[PDB]
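Notes follow once the structure below has been shown.
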Amino acid sequence: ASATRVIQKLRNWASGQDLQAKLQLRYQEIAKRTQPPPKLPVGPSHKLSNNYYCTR
Amino acid sequence: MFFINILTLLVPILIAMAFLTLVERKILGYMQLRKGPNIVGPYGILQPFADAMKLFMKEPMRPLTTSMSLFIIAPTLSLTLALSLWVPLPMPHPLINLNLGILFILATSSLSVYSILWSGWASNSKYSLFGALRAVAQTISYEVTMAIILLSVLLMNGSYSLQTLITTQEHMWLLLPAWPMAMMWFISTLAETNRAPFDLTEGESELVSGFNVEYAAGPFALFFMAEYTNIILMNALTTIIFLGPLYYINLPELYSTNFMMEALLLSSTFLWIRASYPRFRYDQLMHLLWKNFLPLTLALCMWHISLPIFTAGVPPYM
Amino acid sequence: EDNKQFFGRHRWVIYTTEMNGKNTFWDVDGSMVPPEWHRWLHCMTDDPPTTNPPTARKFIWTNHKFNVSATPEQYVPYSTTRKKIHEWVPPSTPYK
Amino acid sequence: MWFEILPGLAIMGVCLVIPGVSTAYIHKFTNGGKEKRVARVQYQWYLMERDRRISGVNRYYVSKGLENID
Amino acid sequence: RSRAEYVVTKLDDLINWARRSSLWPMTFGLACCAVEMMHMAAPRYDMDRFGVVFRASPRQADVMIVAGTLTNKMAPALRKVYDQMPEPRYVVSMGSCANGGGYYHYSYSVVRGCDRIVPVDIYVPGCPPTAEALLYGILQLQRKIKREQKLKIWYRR
Amino acid sequence: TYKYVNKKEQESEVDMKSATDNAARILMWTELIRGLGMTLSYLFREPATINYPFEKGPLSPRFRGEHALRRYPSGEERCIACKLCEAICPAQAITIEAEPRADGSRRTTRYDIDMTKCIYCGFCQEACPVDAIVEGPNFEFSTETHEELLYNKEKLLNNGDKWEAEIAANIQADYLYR
Amino acid sequence: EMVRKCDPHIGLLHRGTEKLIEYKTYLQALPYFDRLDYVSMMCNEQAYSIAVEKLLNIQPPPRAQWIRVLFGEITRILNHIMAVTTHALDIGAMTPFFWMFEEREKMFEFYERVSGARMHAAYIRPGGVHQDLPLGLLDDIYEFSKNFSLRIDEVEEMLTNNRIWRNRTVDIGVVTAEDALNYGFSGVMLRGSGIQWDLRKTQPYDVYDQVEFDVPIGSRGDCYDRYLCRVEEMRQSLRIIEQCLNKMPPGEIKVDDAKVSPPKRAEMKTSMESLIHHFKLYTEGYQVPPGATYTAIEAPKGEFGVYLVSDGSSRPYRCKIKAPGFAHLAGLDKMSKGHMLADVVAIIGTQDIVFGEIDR
Amino acid sequence: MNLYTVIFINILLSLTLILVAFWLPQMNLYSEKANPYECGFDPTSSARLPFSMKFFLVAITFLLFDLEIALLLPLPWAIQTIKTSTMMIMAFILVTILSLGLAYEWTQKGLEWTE
Ligand SMILES: COC1=C(OC)C(=O)C(C/C=C(\C)CC/C=C(\C)CC/C=C(\C)CC/C=C(/C)CC/C=C(/C)CC/C=C(\C)CC/C=C(\C)CC/C=C(\C)CC/C=C(/C)CCC=C(C)C)=C(C)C1=O
Ligand SMILES: CCCCCCCCCCCCCCCCCC(=O)OC[C@H](COP(=O)([O-])OCC[N+](C)(C)C)OC(=O)CCCCCCCCCCCCCCCCC
Ligand SMILES: CCCCCCCCCCCCCCCCCC(=O)OC[C@H](COP(=O)(O)OCCN)OC(=O)CCCCCCCCCCCCCCCCC
Ligand code: SF4
Ligand code: SF4
Ligand code: SF4
């Protein structure tokens, strides 16, 4: 992403593809390495009634 | 003073060969989205010396089934013929000035093929035998085609000397009149030097290592030096023949600089081609050089027989 | 760190020239990183252990040790259990 | 980046310009400020041997002009 | 000490520098660990940048990276290609299989660690060890053969 | 549904312009030239090589590395010698012996992990009911002898004491998912 | 250099995997399948998990099924990258190997972020998957996949129209459709010979009947057609990855049945039933009712089958692993008739052969 | 004399390199070290057995074509002749005859490899 415009035009002409739109090196678009804590949902059997195991 | 001239030819060619190995590693790495050697030395520049020292301090192999005499004889023969092929090139003044320079080149190249063949037969192994037979087929195809190519080019040039080629390209490159046979000569030099896609003797994936699969350490280093010196040699021959550097009588340093730049560009093109293409099959190489290159080479040889006759541009004898 | 660099090369460490009495001017080691900077350097979190220090415990090592293989400080395995079968000790006085 | 190749390329360039330049300078030094004479034919070789005999020092490159003619 | 001892130590340093800067592994692998080995060859880690380049023939190899499960049917072949390597040779066991059998330790057809067959210089643990860990093992081997004192021991003989 | 990867539909017939284009393609090596151009573009790109060991590849808090035995904040060992890790270990890489301690606590007298036998699967750390055994994120612990990878309780407790500043943070970042 | 006979001696990577599996429990036998086909780890996990779930008569939750399909397609991309690029490396070109292995490194980062292991995840389990996805993983998968087709276009530009590659691959190892059916080929071999067959379309599993994709079909049955099929189904795998990212549902991760899947750690540490079930699942394991099944899954290398026989206990009585590479390598000698050494190298490359699943 | 000197210098340099390569490193050779290489297993048969050649006809044709090259090589001095018409006709006849031989072999499948 630090390539000069001359080298970018040279690479794009040599490959035939617009390489700068789809770079194979990740710079900033990736997720942050620290994330907010999750709160995972519970399954369908997490209920206090009508949940006898013989019926499922 | 002549011995000093021998030294200042031989030693810089060897250092240029070693840094050609380094620059192949760097260029292949940067074409393969990696870096290549930059740790051993400042920018990797001590890596070839490290490799040379490691190979010359590793023990050599002397297999029980192996014919010792030819096993020893082949790598030193290969290195001597590489340096001998280097000796008569004019930049713009050769160390040894010959009349039949390209004939000397052809003879020494065929003898280098014999070095490969004797290595493959002496190393009594089946992969070495495969490498020797593939070398036989390869040199058959490129020998006939390259001989006709060089014949047509020198028919345009007029003599077998190479200072005569400098004088021929004083005003214009031979690439413009002879660019189809320049392409065929480039492919022939690839096959002569055993570079991808026409390597086929040090077959990494098909064989294990081919003709030098039983060679280790020092003799293997000699083979590698001979091959890469031949790479720089054939690219130097290509730029002397086809891409004529600017020659001025008052200063030859401009010729040496232009020759160096074009030879570096052609060597980098060799590394570029090795990166780009997959390997041929060795019957397809023969079919190519005998069915596509050879008929066109014969036609262009007839054309270059006719061309000075009907243009009255017959080249001078001297 | 340098966030203009791409992912992977955006954080780096210049190792010390000496750690635990070993001259690491050339012999740099990947295990010389203490665990908190190891987490930041391997990018499991975005914050360094200067704005977010780890929890202090009294049993946590105050001095990090690198890989001590092929050194006198290396680890040697042994059975950590005591003897299970106890042999009978003969008396030290003769019968006659 | 791609310019890390340039140190090895520069070493190759110096090691390729050394042989030709050194050969030209050694030819000039050993032939006394002139290029080494090329005898591609017997006529040119005879010219070189005649110059060697004419010079009187058994060196062909010591040319004699009009100072030898009265 | 003696002046010749210093010269011998410097020659030892030079030889060790050459041998650790030029480490060519045999193109030899057995399993998933060899998949991680070519992921070390991959552009992220660049063993070629470290000076480490695969060679197919064991005659041109310096180190042997045993990367995978060494079986009973494979053990004579592994010993053969180890023996065909020239003398300054090293062995890097990679992964739990090559270290001590691993997940197939109690199998009828698995050698319980390649150290029963070849002398192993460096053990790299993992299943698979990451390419980072294999590169760490390679650098540790470079340090180990930097520590070698062959000419100094020869002089002290 | 399906599609054809090599079958051609109908024909393009024959034309002088098309014949000349195919002739130029065969003679002038056009696809070979554009392959060269692709490699040239890659040459002028930026390499994806990190500067190991000064730069490390990214990881996650879930990463399964070198084993360690943790403690409570009081300093008491978390392990209660329940042998669930030994029972679930797919490689049988864990050996556990135990007895009541001098204070009557249920503690191990032998906790060995054969790291040459272990497959680094995390079943021990996900079967441990008290988060005693963990796979801390250390992976650069290669040794020069086979013996040094045969860990015992002292080695595992030393690893837990060494890596507690990082293991606790990883478990803090991870435990809501598990 | 002509090849008169091929005799593939195998078993040099045989480790008695089926015997060890029958001596271990089901959860203990799960990470063997990571090491059967060590390029298709999640796919073998999915195959074994579907076999055990069929024997257990339980189904994973829909979010687990969508995660399993997404990672199966990521694994298919990984395996076809390995197949195509190492085939090209055996032919002689290594630059696509380096580029696509950088891409493989990114997908290994995805594997490590979900499971903690780059290759042997042991993530897909009977009842679903082990853990939920960490936050931002779907965004990173999208960022990878939106740029990946350009890299495929790069390899395709490098190889597909190259006359050298066409000479090396066209009319090499030609297999007729009837011969492929009789030799028992599956996956890429049948579709290269032109047989319209894919298990994901014919006998779908998880939510492959809900995703939409095309099946690449060859017409000449050679190495070039098989290579084109692998590249095109890499593109189709990218298409399925996009669909999975857009249609990932909310919900749980394991089946809500603590007698098969372990409970959450908080529930285990706060509840008696959850602690008992955690203890029994991680010591004895769940008892599978006795019965035999053959579960076949469209692995990237072909049909990956598990013939599981359960005697009613918590350990499998018998576990036969059917690998496509076994039948393909059995058929290697037929494909190499009238060919040379380099042609044999090309055929071994195009058969998509890994030896862990062959030898077991 | 100079060419002979530089050839001898190359010979001495390569002999010195191979001599120091054989006498400098430490020797440790045994039977398994020096057994031939067959990818880890013993060779089934010796490598001195007959090894079939599928391009033998192309090799014989290469002999004849190489002599055609030897005939064509004095052309750069032949073009200096007074009677350029005779030289041009003879060169055309030679190259045409060579091309007709190549075309006949291509038609009769001699360039194709056996089996
Ligand atoms: C899934 O299934 C499986 C597979 O299937 C896919 C497998 O495959 C498989 C097996 C797996 C493996 C074996 C892993 C192997 C890994 C790979 C195949 C990927 C790695 C890729 C490559 C090998 C391709 C590399 C490509 C390159 C371009 C790199 C370049 C390499 C080269 C060999 C060329 C460069 C040359 C060298 C490095 C050596 C050059 C240098 C010298 C020899 C030095 C010579 C110089 C001198 C002697 C000069 C001396 C003279 C002087 C004057 C010097 C002056 C000196 C002074 C001291 C003054 C397994 C197990 C498997 O399960
Ligand atoms: C030194 C100077 C520069 C040289 C070029 C260097 C840069 C380019 C390098 C490219 C990479 C090469 C890597 C190796 C490639 C190997 C493959 C290969 O080249 O195969 C050869 C290919 C082979 O093609 P093919 O094999 O695909 O074709 C199929 C053929 N059959 C079916 C028979 C098998 O091409 C040639 O053989 C062409 C050679 C050059 C021809 C040039 C003709 C020019 C025009 C002449 C005049 C026309 C008009 C006449 C007058 C009309 C008047 C009206
Ligand atoms: C390891 C063993 C290797 C054995 C093989 C060695 C190969 C050497 C390199 C390849 C040689 C190929 C053949 C070359 C033959 C001569 C080529 C030539 O054209 O020479 C002519 C030239 C001068 O002639 P011309 O160009 O007409 O100039 C006249 C006006 N200037 O120059 C001359 O007239 C000079 C005549 C002599 C030139 C050749 C000298 C060879 C020296 C002997 C080498 C072998 C020594 C024996 C083995 C030693 C131990 C191994
Ligand atoms: S240690 Fe694990 S990853 Fe390595 S070869 Fe064995 S099973 Fe595969
Ligand atoms: S990670 Fe798996 S194999 Fe290793 S000790 Fe834990 S349970 Fe055993
Ligand atoms: S599972 Fe945990 S508490 Fe139980 S024996 Fe193992 S480490 Fe100790």
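Start at 1 and count along the chain as shown; that gives each residue its number.
Using the three backbone atoms N, Cα and C, a Cβ is placed for every residue, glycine included.
Within the chain, the transmembrane segment (B:2-22) has long-range Cβ neighbours (under 8 A, six or more residues past its boundaries) at 37, 44-45, 47-49, 51-52, 83, 86-87, 95, 224-225, 228-229, 231-232, 267. Swiss-Prot lists B:2-22 (among others) with the feature transmembrane segment.
Sequence annotations record features per position, and here Swiss-Prot assigns transmembrane segment to B:70-90 (among others).
What Swiss-Prot records for B:100-120 (among others) is transmembrane segment, and it gives sequence analysis as the kind of evidence. Long-range contacts of the transmembrane segment (B:100-120) within its own chain (CB-CB distance under 8 A, at least 6 residues past either end) are made by residues 70-71, 73-75, 77-78, 81-82, 84-85, 88, 94, 128-129, 131-132, 135-136, 139, 143, 147, 150, 154, 160-162, 192, 201, 210-212, 215, 223, 226, 230, 237.
Per Swiss-Prot, transmembrane segment is recorded for B:136-156 (among others), and the stated evidence type is sequence analysis.
Sequence annotations record features per position, and here Swiss-Prot assigns transmembrane segment to B:171-191 (among others) based on sequence analysis.
As annotated by Swiss-Prot, transmembrane segment applies to B:231-251 (among others), with the evidence given as sequence analysis. The list of residues near the transmembrane segment (B:231-251) in space but at least 6 beyond its ends in sequence, with Cβ under 8 angstroms from a Cβ of it, reads 13, 16-17, 20, 82, 85-86, 89-92, 105, 150, 153, 162, 165-170, 172-175, 178, 182, 185-186, 189, 192-193, 195, 258-259, 262-263, 266-267, 269-270.
Annotation source Swiss-Prot lists transmembrane segment at B:253-273 (among others).
Residues annotated as transmembrane segment in Swiss-Prot: B:293-313 (among others).
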Assess whether the transmembrane segment (B:293-313) lies in contact with the transmembrane segment (B:70-90), where contact requires at least three Cβ pairs under 8 Å among residues 6 or more apart in sequence. no
Other than its close neighbours in sequence, what residues sit by the transmembrane segment (B:253-273), given a CB gap under 8 Å and a spacing of at least six beyond its ends? 20, 23-24, 27-28, 31, 91-92, 166, 190, 193, 195-197, 231-232, 235-236, 238-240, 243, 245-247
Excluding the flanking five residues on each side, which residues at least 6 beyond the ends of the transmembrane segment (B:171-191) place their CB within less than 8 Å of a CB in that stretch? 138, 141-142, 145-146, 149-150, 152-153, 156-157, 165, 197-198, 234-235, 237-238, 241-244, 270, 273, 285, 289, 293, 296-297, 300, 304
